[PDB]
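Below are two forms of the same protein chain, given as structure tokens: structure 1, then structure 2.
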Structure 1
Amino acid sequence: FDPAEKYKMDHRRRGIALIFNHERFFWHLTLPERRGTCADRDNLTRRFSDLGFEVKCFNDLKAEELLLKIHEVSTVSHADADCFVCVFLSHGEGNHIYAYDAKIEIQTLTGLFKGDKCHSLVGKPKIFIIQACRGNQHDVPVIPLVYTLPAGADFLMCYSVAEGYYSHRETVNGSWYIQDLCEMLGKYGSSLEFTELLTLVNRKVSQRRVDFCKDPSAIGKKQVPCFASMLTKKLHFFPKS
């Protein structure tokens, strides 16, 4: 048993990174526009491309369209890929995100990549990154003082914020979380173990605060991200040969 064991990332391709970018919504949902989400989209495209990913992006897909795209990707062979990345940039609440016209439960999307549903990703990291609100709590600032495999294994769920909370987005620079994630990917993405990198992102985002707000009660509010690992090995994105 080797504590240092890493996923094998020596396939022909790094893999696909999908980005679902949601800026506007069907009017009946009365959801505010997400100005600045395009900065996130571009930032992620740059940083994930630099790590070898084939980045694909889609703007404001309706739920039916999004579900179709996601099904298609879970159906193609990932046999010659190291891993799979899927990013959602949208509104959300509870355990769901919004497509243009309706909410989708996040489990509906991840389920399509479980081992029995997607054989060609078995044993490979399946990474989901979600920038979206997760409820209506606004975090407050405080100060100190050989074997078979489970079909559920090797997922990494990376959320911009802990369960139940608002997540923050700058209208020009993009979201707090995606900015900090991309900064870390840019500097450390090709060397640092990815959960270590996500931990640095937790620290970066935790340092931010709402500096100005039309609602004075929101001034100084906070956000801590949260990632869930079902990974079984160390994960790196060393430059591919």
Structure 2
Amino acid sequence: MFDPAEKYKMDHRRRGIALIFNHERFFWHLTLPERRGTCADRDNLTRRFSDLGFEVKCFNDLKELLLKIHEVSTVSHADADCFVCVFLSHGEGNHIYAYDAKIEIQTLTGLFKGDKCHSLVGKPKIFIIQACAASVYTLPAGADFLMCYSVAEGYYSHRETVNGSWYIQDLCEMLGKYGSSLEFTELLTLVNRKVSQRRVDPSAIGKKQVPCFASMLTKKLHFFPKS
């Protein structure tokens, strides 16, 4: 009967797809601090999710543009544990850039809701979002969903340095150190502390960046080593 510490089954053939999405659609102009900085985020996330047993796919949204997104949402995951989708964005941006991102996040999360994605029903769906038609909010829907945000609704966000961004650097450091050792919600709480304590001051306030994860998960999530 009822178990106070039930975990999602991690004994499926593969761990699944860690989709990485860097929002570059309507951004101009760009600089090498941010360019290689976003690269540093993407390169760092890839190696960390590859370590946890994920099949990493990343596509830029400037480039069949939706067909590369269909095959991911359309292909079966019955052999997989979970789905991870990382959304990367630029700190600075025009009003349109930030608008398209909110539309992309909305349509991207909607594809993996139980009504459309049969294979991932009862399986955790983690969307890691870098925050930057009247339904304009940072809140989507779905059961067994994990929404990870770099910034809480009204807070200040990092500018992307050459080495990357505050939220991503810290996420990868914790994923590298405790990725298979901790339940993922405890893991994100460490990212919550590390980023908020890292209130450092380059046009400072100084305002602190407060991350937030919205959890609709039903069980404990653990990325125990596979194979």
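Throughout, residue numbering runs from 1 along the sequence of structure 1. Each form is matched to the other, and the largest set of C-alpha atoms that superpose within 1.5 Å is called the rigid core.
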Subject >> Residue among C86, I97, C158, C118 whose Cα moves 2 Å or more between structures 1 and 2, once the rigid core is superposed >> reply: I97
Original post:
Rigid core fitted, then: does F26 show a CA shift of 2 angstroms or greater between structures 1 and 2?
Top reply: yes
**OP:** Kindly check if the Cα atom of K204 is displaced 2 angstroms or more between structures 1 and 2 relative to the superposed rigid core.
**Re:** no
Original post:
Would the C-alpha of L185 be classed as shifted by 2 Å or more between structures 1 and 2 after rigid-core alignment?
Top reply: no
**OP:** For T108, tell me the Cα shift between structures 1 and 2 once the rigid core is superposed, in Å to one decimal.
**Re:** 1.9
Subject >> Distance the CA of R35 travels between structures 1 and 2 [rigid core superposed, Å] >> reply: 4.8
